[PDB]
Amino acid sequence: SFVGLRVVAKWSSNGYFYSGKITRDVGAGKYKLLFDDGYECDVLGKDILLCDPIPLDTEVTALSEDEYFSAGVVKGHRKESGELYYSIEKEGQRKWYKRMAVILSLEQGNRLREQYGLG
């Protein structure tokens, strides 16, 4: 079952992918998704990436302390207090980001579809 799996998923044709979990396989090619920041909605299967964690050297978009999203590369991960943190490099410098602060642009997520797309 995909139910209970962690994923990264988008809910619009050109949108960003956000981390969450599948809570149900529902009708019409869709899955109910609970996103980590609390938003719940149905999403199309084509818009789900079953990668958890996002692998090393993936290009991602991450929210810095200064409240800007920008691109970086995954360099590591850590599990602590039941939470996952990613080490992401931007402009040669690594910082640690909560899972929910790491998202994928349309282009970045499309790069992972062949290996991690659902179905």
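One-based numbering along the sequence shown. C-alpha atoms forming the largest set that superposes within 1.5 Å between two forms make up the rigid core.
Superpose by the rigid core and compare 63-71 with 46-54; which one moves more, by C-alpha RMS, in 6 other deposited structures of this protein?
This comes out as 63-71, the stretch further from the shown form in 6 other deposited structures of this protein.
Out of 87-95 and 28-36, which stretch has the higher average CA B-factor listed in the record?
Result of the comparison: 28-36.
Tell me which stretch has the larger mean Cα B-factor in this entry, 51-59 or 69-77.
In the deposited entry, the stretch with the higher C-alpha B-factor mean is 51-59.
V3: which third of its chain by C-alpha temperature factor?
It falls in the top third of the chain.
Lowest, middle or highest third: where is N14 by Cα B-factor in its chain?
Tercile = highest for this residue's CA B-factor.
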